[PDB]
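Asks: So I've got this file, entry-v8.cif, and it contains mmCIF, C-alpha atoms and all ligand atoms:
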data_work
#
loop_
_atom_site.group_PDB
_atom_site.id
_atom_site.type_symbol
_atom_site.label_atom_id
_atom_site.label_comp_id
_atom_site.auth_asym_id
_atom_site.auth_seq_id
_atom_site.Cartn_x
_atom_site.Cartn_y
_atom_site.Cartn_z
ATOM 1 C CA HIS V 4 -165.645 98.244 4.489
ATOM 2 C CA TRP V 5 -167.705 99.286 1.438
ATOM 3 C CA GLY V 6 -166.695 102.326 -0.534
ATOM 4 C CA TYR V 7 -166.171 103.629 -4.066
ATOM 5 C CA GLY V 8 -162.806 102.134 -5.055
ATOM 6 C CA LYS V 9 -162.209 99.287 -7.478
ATOM 7 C CA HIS V 10 -161.957 96.765 -4.674
ATOM 8 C CA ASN V 11 -164.899 97.911 -2.553
ATOM 9 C CA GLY V 12 -167.156 99.905 -4.885
ATOM 10 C CA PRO V 13 -170.726 99.487 -6.124
ATOM 11 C CA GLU V 14 -170.068 96.244 -8.026
ATOM 12 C CA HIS V 15 -169.001 94.626 -4.739
ATOM 13 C CA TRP V 16 -171.787 95.847 -2.451
ATOM 14 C CA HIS V 17 -174.156 92.947 -3.149
ATOM 15 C CA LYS V 18 -171.894 90.506 -1.304
ATOM 16 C CA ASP V 19 -172.623 92.170 2.042
ATOM 17 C CA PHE V 20 -175.930 93.805 1.059
ATOM 18 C CA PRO V 21 -177.768 91.369 -1.220
ATOM 19 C CA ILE V 22 -180.645 93.861 -1.636
ATOM 20 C CA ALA V 23 -178.220 95.601 -4.009
ATOM 21 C CA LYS V 24 -179.768 93.352 -6.689
ATOM 22 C CA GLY V 25 -183.330 94.027 -5.520
ATOM 23 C CA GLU V 26 -186.483 95.125 -7.277
ATOM 24 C CA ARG V 27 -186.522 98.829 -6.319
ATOM 25 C CA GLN V 28 -182.887 99.973 -6.283
ATOM 26 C CA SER V 29 -181.641 103.522 -6.828
ATOM 27 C CA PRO V 30 -180.433 105.524 -8.622
ATOM 28 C CA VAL V 31 -181.976 105.012 -12.072
ATOM 29 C CA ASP V 32 -181.809 106.631 -15.460
ATOM 30 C CA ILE V 33 -184.769 108.933 -16.052
ATOM 31 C CA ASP V 34 -185.920 108.418 -19.630
ATOM 32 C CA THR V 35 -187.758 111.683 -20.192
ATOM 33 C CA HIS V 36 -189.788 110.394 -23.143
ATOM 34 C CA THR V 37 -191.086 107.389 -21.156
ATOM 35 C CA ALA V 38 -191.862 109.208 -17.893
ATOM 36 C CA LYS V 39 -195.577 109.956 -17.903
ATOM 37 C CA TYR V 40 -197.150 113.175 -16.727
ATOM 38 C CA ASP V 41 -199.411 112.325 -13.790
ATOM 39 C CA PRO V 42 -202.017 115.102 -13.343
ATOM 40 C CA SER V 43 -202.876 113.399 -10.007
ATOM 41 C CA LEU V 44 -199.553 114.568 -8.544
ATOM 42 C CA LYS V 45 -199.634 117.640 -6.373
ATOM 43 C CA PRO V 46 -197.128 120.481 -6.167
ATOM 44 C CA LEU V 47 -194.315 119.799 -3.765
ATOM 45 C CA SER V 48 -194.504 121.625 -0.438
ATOM 46 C CA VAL V 49 -190.953 122.429 0.706
ATOM 47 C CA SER V 50 -191.260 124.178 4.083
ATOM 48 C CA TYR V 51 -187.748 125.003 5.245
ATOM 49 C CA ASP V 52 -188.386 128.442 6.810
ATOM 50 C CA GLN V 53 -187.769 127.063 10.322
ATOM 51 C CA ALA V 54 -184.867 124.725 9.472
ATOM 52 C CA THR V 55 -182.239 124.344 12.219
ATOM 53 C CA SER V 56 -178.896 123.146 10.857
ATOM 54 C CA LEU V 57 -176.470 121.935 13.512
ATOM 55 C CA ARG V 58 -173.276 120.343 12.229
ATOM 56 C CA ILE V 59 -171.353 119.259 9.138
ATOM 57 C CA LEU V 60 -169.623 115.863 9.174
ATOM 58 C CA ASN V 61 -167.187 114.072 6.861
ATOM 59 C CA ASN V 62 -168.364 110.463 7.233
ATOM 60 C CA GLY V 63 -165.814 108.890 4.890
ATOM 61 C CA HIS V 64 -168.219 108.654 1.930
ATOM 62 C CA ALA V 65 -169.555 112.250 1.657
ATOM 63 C CA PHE V 66 -170.194 115.178 3.972
ATOM 64 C CA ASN V 67 -173.537 115.559 5.707
ATOM 65 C CA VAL V 68 -175.118 118.775 6.896
ATOM 66 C CA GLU V 69 -177.284 117.635 9.810
ATOM 67 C CA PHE V 70 -180.477 119.252 11.081
ATOM 68 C CA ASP V 71 -182.475 119.203 14.280
ATOM 69 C CA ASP V 72 -185.242 116.707 13.442
ATOM 70 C CA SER V 73 -186.727 116.489 16.974
ATOM 71 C CA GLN V 74 -189.630 118.721 15.857
ATOM 72 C CA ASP V 75 -191.473 119.537 12.604
ATOM 73 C CA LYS V 76 -189.222 122.453 11.658
ATOM 74 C CA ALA V 77 -188.152 121.737 8.070
ATOM 75 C CA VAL V 78 -190.593 119.406 6.330
ATOM 76 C CA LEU V 79 -191.453 118.050 2.896
ATOM 77 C CA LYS V 80 -195.079 117.255 2.053
ATOM 78 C CA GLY V 81 -197.344 117.068 -0.966
ATOM 79 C CA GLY V 82 -196.154 115.893 -4.335
ATOM 80 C CA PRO V 83 -196.481 112.094 -4.318
ATOM 81 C CA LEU V 84 -196.256 111.981 -0.525
ATOM 82 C CA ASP V 85 -198.839 111.101 2.093
ATOM 83 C CA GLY V 86 -198.107 112.811 5.371
ATOM 84 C CA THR V 87 -195.159 114.763 6.687
ATOM 85 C CA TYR V 88 -191.441 114.087 6.217
ATOM 86 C CA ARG V 89 -188.823 115.826 8.382
ATOM 87 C CA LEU V 90 -185.453 116.963 7.039
ATOM 88 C CA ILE V 91 -182.634 115.126 8.811
ATOM 89 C CA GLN V 92 -179.582 115.863 6.621
ATOM 90 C CA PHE V 93 -178.358 116.756 3.178
ATOM 91 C CA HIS V 94 -175.285 115.623 1.317
ATOM 92 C CA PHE V 95 -173.918 115.447 -2.223
ATOM 93 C CA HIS V 96 -172.427 112.944 -4.644
ATOM 94 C CA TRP V 97 -169.864 114.244 -7.145
ATOM 95 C CA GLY V 98 -167.260 113.300 -9.707
ATOM 96 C CA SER V 99 -163.556 113.640 -10.385
ATOM 97 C CA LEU V 100 -164.437 115.725 -13.473
ATOM 98 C CA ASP V 101 -167.490 117.731 -14.488
ATOM 99 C CA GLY V 102 -168.794 115.025 -16.882
ATOM 100 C CA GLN V 103 -169.766 112.644 -14.089
ATOM 101 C CA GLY V 104 -170.851 112.678 -10.478
ATOM 102 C CA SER V 105 -174.629 112.463 -10.365
ATOM 103 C CA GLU V 106 -176.385 109.262 -9.318
ATOM 104 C CA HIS V 107 -179.580 109.733 -11.292
ATOM 105 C CA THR V 108 -179.127 110.386 -14.977
ATOM 106 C CA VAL V 109 -181.461 112.073 -17.453
ATOM 107 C CA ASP V 110 -181.601 110.403 -20.854
ATOM 108 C CA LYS V 111 -178.220 108.943 -19.836
ATOM 109 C CA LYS V 112 -176.782 112.419 -19.133
ATOM 110 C CA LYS V 113 -174.617 112.573 -16.020
ATOM 111 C CA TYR V 114 -174.440 115.853 -14.138
ATOM 112 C CA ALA V 115 -171.382 117.071 -12.238
ATOM 113 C CA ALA V 116 -173.008 116.371 -8.872
ATOM 114 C CA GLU V 117 -176.289 115.604 -7.130
ATOM 115 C CA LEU V 118 -177.681 116.986 -3.868
ATOM 116 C CA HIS V 119 -179.814 114.732 -1.655
ATOM 117 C CA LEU V 120 -182.081 116.336 0.965
ATOM 118 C CA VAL V 121 -183.086 113.395 3.161
ATOM 119 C CA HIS V 122 -186.431 113.350 5.009
ATOM 120 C CA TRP V 123 -188.186 110.724 7.156
ATOM 121 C CA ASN V 124 -191.899 110.030 7.584
ATOM 122 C CA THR V 125 -192.971 111.246 11.000
ATOM 123 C CA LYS V 127 -195.614 108.499 11.289
ATOM 124 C CA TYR V 128 -192.750 106.099 12.137
ATOM 125 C CA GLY V 129 -191.374 108.195 14.978
ATOM 126 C CA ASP V 130 -187.631 107.990 14.267
ATOM 127 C CA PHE V 131 -185.314 107.612 11.279
ATOM 128 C CA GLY V 132 -184.224 104.100 12.245
ATOM 129 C CA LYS V 133 -187.822 102.880 12.229
ATOM 130 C CA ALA V 134 -188.632 104.783 9.040
ATOM 131 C CA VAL V 135 -185.901 103.065 6.995
ATOM 132 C CA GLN V 136 -187.643 99.724 7.679
ATOM 133 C CA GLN V 137 -190.760 100.888 5.820
ATOM 134 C CA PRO V 138 -191.463 101.172 2.077
ATOM 135 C CA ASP V 139 -192.718 104.738 2.536
ATOM 136 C CA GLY V 140 -190.265 105.664 5.297
ATOM 137 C CA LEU V 141 -188.105 108.264 3.535
ATOM 138 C CA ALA V 142 -188.445 110.957 0.905
ATOM 139 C CA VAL V 143 -185.231 112.137 -0.733
ATOM 140 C CA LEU V 144 -185.312 115.319 -2.780
ATOM 141 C CA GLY V 145 -182.647 115.094 -5.466
ATOM 142 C CA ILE V 146 -181.220 118.143 -7.210
ATOM 143 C CA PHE V 147 -178.724 118.057 -10.049
ATOM 144 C CA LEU V 148 -175.675 120.340 -10.119
ATOM 145 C CA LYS V 149 -174.119 121.619 -13.340
ATOM 146 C CA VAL V 150 -170.979 123.722 -13.555
ATOM 147 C CA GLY V 151 -171.358 127.319 -14.633
ATOM 148 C CA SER V 152 -172.148 130.314 -12.453
ATOM 149 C CA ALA V 153 -171.588 130.113 -8.708
ATOM 150 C CA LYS V 154 -174.440 129.208 -6.358
ATOM 151 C CA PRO V 155 -174.241 131.880 -3.622
ATOM 152 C CA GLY V 156 -176.187 129.779 -1.138
ATOM 153 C CA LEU V 157 -173.634 126.965 -1.445
ATOM 154 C CA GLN V 158 -170.574 129.063 -0.552
ATOM 155 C CA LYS V 159 -170.973 128.741 3.231
ATOM 156 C CA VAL V 160 -170.786 124.956 2.782
ATOM 157 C CA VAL V 161 -167.766 125.218 0.477
ATOM 158 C CA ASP V 162 -165.834 127.419 2.867
ATOM 159 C CA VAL V 163 -166.128 125.042 5.852
ATOM 160 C CA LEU V 164 -164.858 121.961 3.985
ATOM 161 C CA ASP V 165 -161.198 122.696 4.793
ATOM 162 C CA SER V 166 -162.126 122.100 8.452
ATOM 163 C CA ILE V 167 -163.579 118.618 7.795
ATOM 164 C CA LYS V 168 -161.053 117.342 5.280
ATOM 165 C CA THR V 169 -160.856 113.803 6.612
ATOM 166 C CA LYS V 170 -163.199 111.059 7.741
ATOM 167 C CA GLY V 171 -164.645 111.565 11.207
ATOM 168 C CA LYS V 172 -164.089 115.321 11.366
ATOM 169 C CA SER V 173 -167.069 117.555 12.102
ATOM 170 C CA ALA V 174 -167.657 121.254 12.591
ATOM 171 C CA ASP V 175 -170.406 123.440 13.976
ATOM 172 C CA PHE V 176 -172.709 124.438 11.108
ATOM 173 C CA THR V 177 -175.618 126.410 12.586
ATOM 174 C CA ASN V 178 -177.908 128.909 10.880
ATOM 175 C CA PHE V 179 -177.555 127.508 7.363
ATOM 176 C CA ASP V 180 -180.593 128.026 5.133
ATOM 177 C CA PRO V 181 -181.069 125.075 2.748
ATOM 178 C CA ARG V 182 -183.549 127.106 0.696
ATOM 179 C CA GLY V 183 -180.459 128.637 -0.904
ATOM 180 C CA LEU V 184 -179.711 125.297 -2.618
ATOM 181 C CA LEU V 185 -183.013 125.002 -4.528
ATOM 182 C CA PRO V 186 -183.627 125.873 -8.188
ATOM 183 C CA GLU V 187 -186.463 128.164 -9.227
ATOM 184 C CA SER V 188 -188.844 125.434 -10.396
ATOM 185 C CA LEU V 189 -190.102 122.515 -8.314
ATOM 186 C CA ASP V 190 -191.103 120.457 -11.353
ATOM 187 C CA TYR V 191 -190.077 116.869 -10.602
ATOM 188 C CA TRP V 192 -189.967 113.198 -11.496
ATOM 189 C CA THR V 193 -190.850 110.611 -8.844
ATOM 190 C CA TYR V 194 -190.457 106.850 -8.432
ATOM 191 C CA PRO V 195 -190.140 104.282 -5.595
ATOM 192 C CA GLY V 196 -186.549 103.326 -4.783
ATOM 193 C CA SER V 197 -183.830 102.850 -2.271
ATOM 194 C CA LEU V 198 -180.934 104.313 -0.349
ATOM 195 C CA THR V 199 -178.036 104.635 -2.811
ATOM 196 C CA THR V 200 -175.430 103.577 -0.240
ATOM 197 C CA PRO V 201 -175.369 100.486 1.990
ATOM 198 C CA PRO V 202 -177.581 99.282 3.514
ATOM 199 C CA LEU V 203 -179.444 100.032 0.254
ATOM 200 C CA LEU V 204 -182.816 99.717 1.954
ATOM 201 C CA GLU V 205 -185.893 99.981 -0.280
ATOM 202 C CA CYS V 206 -187.571 102.689 1.786
ATOM 203 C CA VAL V 207 -187.379 105.845 -0.378
ATOM 204 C CA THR V 208 -189.863 107.833 -2.400
ATOM 205 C CA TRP V 209 -187.508 109.648 -4.780
ATOM 206 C CA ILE V 210 -188.412 113.162 -5.910
ATOM 207 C CA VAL V 211 -185.868 114.392 -8.490
ATOM 208 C CA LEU V 212 -186.134 118.023 -9.630
ATOM 209 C CA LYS V 213 -185.983 118.668 -13.374
ATOM 210 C CA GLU V 214 -184.141 121.987 -13.083
ATOM 211 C CA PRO V 215 -180.469 121.743 -12.083
ATOM 212 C CA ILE V 216 -178.724 124.342 -9.980
ATOM 213 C CA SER V 217 -175.536 125.886 -11.297
ATOM 214 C CA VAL V 218 -172.381 125.901 -9.178
ATOM 215 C CA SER V 219 -168.995 127.260 -10.124
ATOM 216 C CA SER V 220 -165.952 125.244 -11.077
ATOM 217 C CA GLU V 221 -164.230 126.608 -7.970
ATOM 218 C CA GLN V 222 -167.076 125.393 -5.751
ATOM 219 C CA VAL V 223 -167.016 121.811 -7.047
ATOM 220 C CA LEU V 224 -163.201 121.799 -7.046
ATOM 221 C CA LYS V 225 -163.378 122.315 -3.279
ATOM 222 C CA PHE V 226 -165.648 119.274 -2.925
ATOM 223 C CA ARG V 227 -162.898 117.301 -4.677
ATOM 224 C CA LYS V 228 -160.290 118.327 -2.089
ATOM 225 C CA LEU V 229 -162.041 116.328 0.637
ATOM 226 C CA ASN V 230 -160.620 112.953 1.664
ATOM 227 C CA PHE V 231 -162.210 109.534 2.063
ATOM 228 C CA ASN V 232 -159.425 108.605 4.498
ATOM 229 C CA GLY V 233 -158.972 109.612 8.107
ATOM 230 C CA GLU V 234 -156.349 112.030 9.390
ATOM 231 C CA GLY V 235 -152.810 110.698 9.243
ATOM 232 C CA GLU V 236 -153.667 108.112 6.580
ATOM 233 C CA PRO V 237 -152.680 107.989 2.898
ATOM 234 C CA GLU V 238 -154.633 110.621 1.017
ATOM 235 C CA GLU V 239 -157.491 109.321 -1.151
ATOM 236 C CA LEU V 240 -159.406 112.210 -2.673
ATOM 237 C CA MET V 241 -163.168 112.081 -2.087
ATOM 238 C CA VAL V 242 -164.265 111.990 -5.723
ATOM 239 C CA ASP V 243 -166.620 109.710 -7.688
ATOM 240 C CA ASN V 244 -168.725 108.870 -4.622
ATOM 241 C CA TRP V 245 -171.741 108.030 -6.797
ATOM 242 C CA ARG V 246 -173.539 104.745 -7.475
ATOM 243 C CA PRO V 247 -174.375 104.178 -11.172
ATOM 244 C CA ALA V 248 -177.897 103.737 -12.486
ATOM 245 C CA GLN V 249 -179.623 100.473 -11.552
ATOM 246 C CA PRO V 250 -182.275 98.468 -13.420
ATOM 247 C CA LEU V 251 -185.701 100.077 -13.419
ATOM 248 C CA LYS V 252 -187.461 96.652 -13.289
ATOM 249 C CA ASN V 253 -191.212 96.911 -12.695
ATOM 250 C CA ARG V 254 -191.374 100.630 -11.969
ATOM 251 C CA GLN V 255 -192.807 103.727 -13.594
ATOM 252 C CA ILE V 256 -191.295 107.169 -13.303
ATOM 253 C CA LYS V 257 -193.989 109.846 -13.092
ATOM 254 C CA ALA V 258 -193.601 113.504 -14.065
ATOM 255 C CA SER V 259 -195.291 116.368 -12.229
ATOM 256 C CA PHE V 260 -195.217 118.548 -15.350
ATOM 257 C CA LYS V 261 -196.363 118.401 -18.968
HETATM 258 N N1 LIG V 301 -175.928 107.425 14.988
HETATM 259 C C1 LIG V 301 -175.273 107.427 13.683
HETATM 260 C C2 LIG V 301 -176.170 107.958 12.545
HETATM 261 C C3 LIG V 301 -176.291 106.945 11.393
HETATM 262 N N2 LIG V 301 -177.673 106.757 10.958
HETATM 263 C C4 LIG V 301 -178.533 106.267 12.032
HETATM 264 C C5 LIG V 301 -179.679 107.256 12.239
HETATM 265 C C6 LIG V 301 -180.756 106.727 13.195
HETATM 266 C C7 LIG V 301 -181.770 107.577 13.605
HETATM 267 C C8 LIG V 301 -182.761 107.121 14.463
HETATM 268 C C9 LIG V 301 -182.726 105.821 14.925
HETATM 269 C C10 LIG V 301 -181.707 104.969 14.533
HETATM 270 C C11 LIG V 301 -180.727 105.421 13.665
HETATM 271 C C12 LIG V 301 -177.697 105.804 9.861
HETATM 272 C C13 LIG V 301 -177.619 106.574 8.537
HETATM 273 O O1 LIG V 301 -177.835 107.740 8.517
HETATM 274 N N3 LIG V 301 -177.255 105.860 7.336
HETATM 275 C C14 LIG V 301 -177.191 106.601 6.078
HETATM 276 C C15 LIG V 301 -178.618 106.656 5.560
HETATM 277 C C16 LIG V 301 -178.739 107.128 4.111
HETATM 278 C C17 LIG V 301 -179.481 108.259 3.853
HETATM 279 C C18 LIG V 301 -179.621 108.728 2.547
HETATM 280 C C19 LIG V 301 -179.013 108.021 1.503
HETATM 281 S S1 LIG V 301 -179.243 108.583 -0.188
HETATM 282 N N4 LIG V 301 -177.777 108.649 -0.882
HETATM 283 O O2 LIG V 301 -180.037 107.545 -0.828
HETATM 284 O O3 LIG V 301 -179.885 109.887 -0.063
HETATM 285 C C20 LIG V 301 -178.292 106.858 1.776
HETATM 286 C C21 LIG V 301 -178.147 106.418 3.086
HETATM 287 C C22 LIG V 301 -176.996 104.422 7.380
HETATM 288 C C23 LIG V 301 -178.275 103.626 7.643
HETATM 289 C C24 LIG V 301 -178.501 102.767 8.720
HETATM 290 C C25 LIG V 301 -179.834 102.275 8.529
HETATM 291 C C26 LIG V 301 -180.281 102.887 7.359
HETATM 292 O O4 LIG V 301 -179.337 103.662 6.893
HETATM 293 ZN ZN ZN V 302 -177.228 110.439 -1.455
#
Once you've parsed the file, please lay out its structure as structure tokens.
Ligand SMILES: NCCCN(CCc1ccccc1)CC(=O)N(CCc1ccc(S(N)(=O)=O)cc1)Cc1ccco1
Ligand SMILES: [Zn+2]
Replies:
Amino acid sequence: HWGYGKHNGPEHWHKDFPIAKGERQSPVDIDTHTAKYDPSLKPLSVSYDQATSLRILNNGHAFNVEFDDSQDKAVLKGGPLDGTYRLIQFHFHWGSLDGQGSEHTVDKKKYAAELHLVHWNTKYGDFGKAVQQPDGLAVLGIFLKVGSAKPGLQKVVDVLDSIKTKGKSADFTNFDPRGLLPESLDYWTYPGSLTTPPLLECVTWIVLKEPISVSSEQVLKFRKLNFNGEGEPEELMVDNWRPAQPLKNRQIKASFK
């Protein structure tokens, strides 16, 4: 159905998902000179000590590392958020070359990739209910630039050969997502949407200012994945990012001066 090619990519999504042209779509460009410091914003609380990763899945658009979200084990709170949001999965968006790949941009700069740690508001009971609410999800976004290797990413990189094609999964227990964070939790925040269909306007976005560095070899392995299923013509999983969407009547707030 939808995808990232010329015939089914982001410019086509509105025909099946008319919210694609909505009032709070993501991603957006973060204009750093226009984002206002909000001293009312609290420090983020990232509590991943008890995270329970389970499985890694190639879903035909990215790969997801899935977590046990049946209890409050890995949660995001504070910052702009009211209440408690449970980690359900993380995934990335990346490019065919290092000069593109991120979904959010910073003063129009594109990073090589972007990590999304996806959390749902426990007041709605399950993820499917949460996505129907304007405050249902919180996605923590982290930019990736190419330079030195990220040691905490290597366990992900090394399993990708086992999930090359759409629909393949592999056991992925005991992975610590704290190894994917940068040092600083300074962030920008704004109300937005899922960046893939169904594009629901249910996300509080929290985008960290500090990128993580990954090595060229690490991102090259991302680019060896396939959008296609096994025994189908090979289409490399690259450029699985949606471009920036109109900001409309929204303000991006900064946690830092
Ligand atoms: N059983 C198959 C799992 C598929 N799940 C169902 C999970 C579920 C849990 C409890 C109750 C019902 C369903 C749907 C799902 O995960 N999607 C991807 C969601 C998603 C998340 C982050 C981003 S992003 N890039 O913005 O971070 C973009 C999209 C599609 C979707 C559908 C509706 C909203 O989304
Ligand atoms: Zn995403």
Asks: Out of V:92, V:50, V:249, V:29, which residue has the shortest atom-to-atom distance to residue V:65 when counting all atoms listed in the file?
Replies: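 With all atoms listed in the file as the atom set, the closest residue is V:92.
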Asks: I need the output of the PyMOL selection byres (((not hetatm)) within 9 of (chain V and resi 302)) for this file as a list in words; which residues are they?
Replies: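 The output of the PyMOL selection byres (((not hetatm)) within 9 of (chain V and resi 302)) on this file is residues 65, 93, 94, 95, 96, 106, 117, 118, 119, 120, 121, 143, 145, 198, 199, 200 and 245 of chain V.
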Asks: For this structure, which residues satisfy the selection - the PyMOL selection byres (((chain V and resi 239) around 10) and not hetatm) - when it is evaluated on the file as given? I want them as a compact mmCIF listing (two decimals) with C-alpha atoms, keeping the file's coordinate frame.
Replies:
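File selection08.txt, as written:
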# COMPACT_ATOMS: atom_id res chain seq x y z
CA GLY V 8 -162.81 102.13 -5.06
CA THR V 169 -160.86 113.80 6.61
CA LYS V 228 -160.29 118.33 -2.09
CA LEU V 229 -162.04 116.33 0.64
CA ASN V 230 -160.62 112.95 1.66
CA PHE V 231 -162.21 109.53 2.06
CA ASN V 232 -159.43 108.60 4.50
CA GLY V 233 -158.97 109.61 8.11
CA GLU V 236 -153.67 108.11 6.58
CA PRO V 237 -152.68 107.99 2.90
CA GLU V 238 -154.63 110.62 1.02
CA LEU V 240 -159.41 112.21 -2.67
CA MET V 241 -163.17 112.08 -2.09
CA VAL V 242 -164.26 111.99 -5.72
Asks: Once the PyMOL selection byres (((chain V and resi 216-221) around 12) and not hetatm) has been applied to the shown file, what residues remain in the selection, as a PyMOL selection string?
Replies: chain V and resi 99-101+114-118+145-158+161-162+183-189+212-215+222-228
Asks: Determine, counting all atoms listed in the file, which protein, DNA and RNA residues have an atom within 10 Å of an atom of residue V:180; residues of the same chain fewer than 6 positions away are not included. Present the result as JSON, numbers by chain.
Replies: {"V": [51, 52, 53, 54, 55, 56, 156, 157, 159]}
Asks: Hey, which of V:243, V:234, V:75, V:69 ends up closest to ligand LIG 301 (chain V)? Count all atoms listed in the file.
Replies: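 Distance minimum relative to ligand LIG 301 (chain V) lands on V:69.
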Asks: Emit as JSON the padded axis-aligned box for all listed atoms of stretch 182-198 of chain V, 3 Å per side, with centre and edge lengths in Å to one decimal.
Replies:
{"center_x": -185.4, "center_y": 115.7, "center_z": -5.4, "size_x": 17.4, "size_y": 31.8, "size_z": 18.2}
Asks: Mind listing whatever residues come within 10 Å of the point (-180.8, 104.1, -11.9)? Use only C-alpha atoms, file coordinates, and give them as a PyMOL selection string.
Replies: chain V and resi 27-33+106-109+111+196+199+246-251
Asks: Output the selection as a short mmCIF file (atom, residue, chain, number, x, y, z; two decimals), in the frame of the given file - C-alpha atoms for each residue.
Replies:
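Written output follows (selection35.cif):
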data_model
loop_
_atom_site.label_atom_id
_atom_site.label_comp_id
_atom_site.auth_asym_id
_atom_site.auth_seq_id
_atom_site.Cartn_x
_atom_site.Cartn_y
_atom_site.Cartn_z
CA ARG V 27 -186.52 98.83 -6.32
CA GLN V 28 -182.89 99.97 -6.28
CA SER V 29 -181.64 103.52 -6.83
CA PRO V 30 -180.43 105.52 -8.62
CA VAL V 31 -181.98 105.01 -12.07
CA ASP V 32 -181.81 106.63 -15.46
CA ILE V 33 -184.77 108.93 -16.05
CA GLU V 106 -176.38 109.26 -9.32
CA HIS V 107 -179.58 109.73 -11.29
CA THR V 108 -179.13 110.39 -14.98
CA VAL V 109 -181.46 112.07 -17.45
CA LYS V 111 -178.22 108.94 -19.84
CA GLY V 196 -186.55 103.33 -4.78
CA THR V 199 -178.04 104.64 -2.81
CA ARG V 246 -173.54 104.74 -7.48
CA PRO V 247 -174.38 104.18 -11.17
CA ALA V 248 -177.90 103.74 -12.49
CA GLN V 249 -179.62 100.47 -11.55
CA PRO V 250 -182.28 98.47 -13.42
CA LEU V 251 -185.70 100.08 -13.42
#
Asks: Between atom CA of residue V:64 and atom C21 of ligand LIG 301 (chain V), what is the spacing in Å?
Replies: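 Result for atom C21 of ligand LIG 301 (chain V) versus atom CA of residue V:64: 10.2 Å, one decimal.
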Asks: Quick one: residues within 9 Å of stretch 138-140 of chain V, all atoms listed in the file, excluding same-chain residues fewer than 3 positions away - as a list in words?
Replies: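 Listing them by chain and then by number gives residues 84, 85, 88, 122, 123, 124, 125, 127, 128, 131, 133, 134, 135, 195, 196, 197, 204, 205, 206, 207 and 208 of chain V.
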Asks: From the options V:211, V:49, V:59, V:7, which residue's atoms come nearest to residue V:76, counting all atoms listed in the file?
Replies: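 Looking only at the distances to residue V:76, the closest residue turns out to be V:49.
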Asks: Looking at V:21, V:86, V:132, V:13, which one is nearest to ligand LIG 301 (chain V), with distances taken over all atoms listed in the file?
Replies: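 Ranking V:21, V:86, V:132, V:13 by distance to ligand LIG 301 (chain V), first place goes to V:132.
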Asks: Find the distance between atom CA of residue V:261 and atom CA of residue V:47 and write it in Å to one decimal.
Replies: 15.4 Å
Asks: I need the residue nearest ligand LIG 301 (chain V) from this list: V:72, V:26, V:14, V:130. Use all atoms listed in the file for the distance.
Replies: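 Smallest separation from ligand LIG 301 (chain V) among the options: V:130.
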Asks: So what do you get for atom CA of residue V:45 versus atom CA of residue V:181, distance-wise?
Replies: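 Separation between atom CA of residue V:45 and atom CA of residue V:181: 22.0 Å.
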Asks: For a quick check of understanding, using all atoms listed in the file, which of V:6, V:81, V:63, V:202 has the smallest distance to ligand LIG 301 (chain V)?
Replies: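 Answer, going by the shortest atom-to-atom distance: V:202.
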Asks: Quick one: residues within 8 Å of residue V:58, all atoms listed in the file counted, chain neighbours fewer than 3 positions away excluded, as a list in words?
Replies: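 These residues fall inside the cut-off: residues 68, 69, 70, 173, 174, 175, 176 and 177 of chain V.
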Asks: List the spatial neighbours of residue V:62 as an MDAnalysis selection string - criterion: any atom at most 7 Å away, only C-alpha atoms, same-chain residues fewer than 3 positions off excluded.
Replies: chainID V and resid 65:66 170:171
